[PDB]
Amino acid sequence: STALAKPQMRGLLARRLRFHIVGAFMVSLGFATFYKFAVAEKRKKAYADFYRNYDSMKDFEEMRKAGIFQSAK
């Protein structure tokens, strides 16, 4: 034989709920954070970097020579 020890018998669902609801927040946040830094910070950086060295006249001149404008040939 050997007797079995008394397991936990009360508030089983509430116990499952207390555990998983922390995971629910973890995963929610995880997904938020991933967006924050895989997209949002990436976007700040792309814009900051693009205009750091940007010359609007150089850009125009290129566009001008490629023949795109009606007003500037």
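Numbering starts at 1 and follows the sequence shown. For clarity, a rigid core is taken as the largest C-alpha set superposing within 1.5 Å between two forms.
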Outlying stretch relative to shown form, 21-29 versus 60-68 in 4 other deposited structures of this protein, C-alpha RMS (core): 21-29
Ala32, C-alpha B-factor rank within chain (lowest, middle or highest third): middle
Mind checking which third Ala46 falls in for C-alpha B-factor across the chain? lowest
Ranking every modelled residue in this chain by its Cα temperature factor as given in the entry, which third contains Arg16? lowest
Name the third of the chain's ranked CA B-factors that contains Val22, choosing lowest, middle or highest. highest
For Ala3, the third of its chain by CA B-factor is the highest
